[PDB]
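The data below hold one chain only, encoded as structure tokens and taken in the form deposited in one PDB entry.
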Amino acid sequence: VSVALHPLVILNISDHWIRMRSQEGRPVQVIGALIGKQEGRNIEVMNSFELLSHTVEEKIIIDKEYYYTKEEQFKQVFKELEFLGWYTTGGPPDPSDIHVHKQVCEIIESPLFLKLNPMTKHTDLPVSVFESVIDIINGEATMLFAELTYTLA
């Protein structure tokens, strides 16, 4: 096995998470399929879409009917494509992902698993501090910005 990954997949998944967080106000886990082409050993994950599910005791159940109906409904436009595996959002792999993985493992034999962590802290954005300094090179004179080093409480 060896894997390629279009950036559209990663954007698709972020967008799914963002659309969902908005729906409730709080961020929730999202789940979906990985599709694409699989030539030679070049597994090319070309795209993705959303998968329905339902959560109960922190256990997630994939809606199989929804998947097969979509596959049915989309077989003509996804003819050159294949189901490669599934994705979800969050941190390092958890027991719950294995539980979901076994269900995807019932759809295709050895499914890929893509996990994306949409968690970002604002405090990680670049922050530069400057002080103003009036420079006069022999001849030309001006005000410039001179960078300062800073600590964080």
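Think of the rigid core as the biggest set of C-alphas that the two forms share within 1.5 Å after superposition. Residue positions are given as counts along the sequence shown, with the first one as 1.
Another form exists, deposited in another entry; not displayed. Remarks below refer to it.
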CA of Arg26, rigid core aligned, shift of 2 Å or more between the shown form and the other one: no
If you line up the core, does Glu65 shift 2 angstroms or more at its C-alpha between the shown form and the other one? no
Yes/no, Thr123 Cα shift of 2 Å or more between the shown form and the other one with rigid core fixed: yes
Compare the CA separation of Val28 and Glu57 in the other entry with the one in the displayed structure, and answer closer or farther (the difference is at least 3 Å). farther
Given that the distance between the C-alpha atoms of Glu57 and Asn117 changes by 3 Å or more in the other entry, do they end up closer or farther than here? farther
